[PDB]
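So that you can map any letter, position 28 of the sequence shown is 863 in our numbering, and since no number is skipped, the others follow by simple counting.
Backbone N, C-alpha and C fix where the C-beta goes; we use that ideal spot for every residue, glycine too.
So the structure is just underneath, and the comments pick up after that.
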Amino acid sequence: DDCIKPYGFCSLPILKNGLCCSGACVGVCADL
């Protein structure tokens, strides 16, 4: 387990998904 990197790829569907360190995931990790 780890976090996913900001502006690295996570996955979808995003409700719960692999968690980005900057929080937001929408295919790519971002911030919102």
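Three-state secondary structure (DSSP) of residue i
i	result
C845	coil
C855	strand
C838	coil
Cβ-based neighbour list, residue i, same chain, cut-off 8 angstroms, excluding 5 preceding and 5 following
i	result
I849	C860, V861, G862
Neighbourhood of residue i by C-beta distance below 7 angstroms, restricted to the same chain and skipping five residues each side
i	result
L867	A859
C864	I839, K840, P841, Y842, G843, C845, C855, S857
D837	none
Neighbourhood of residue i by C-beta distance below 6 angstroms, restricted to the same chain and skipping five residues each side
i	result
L847	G862
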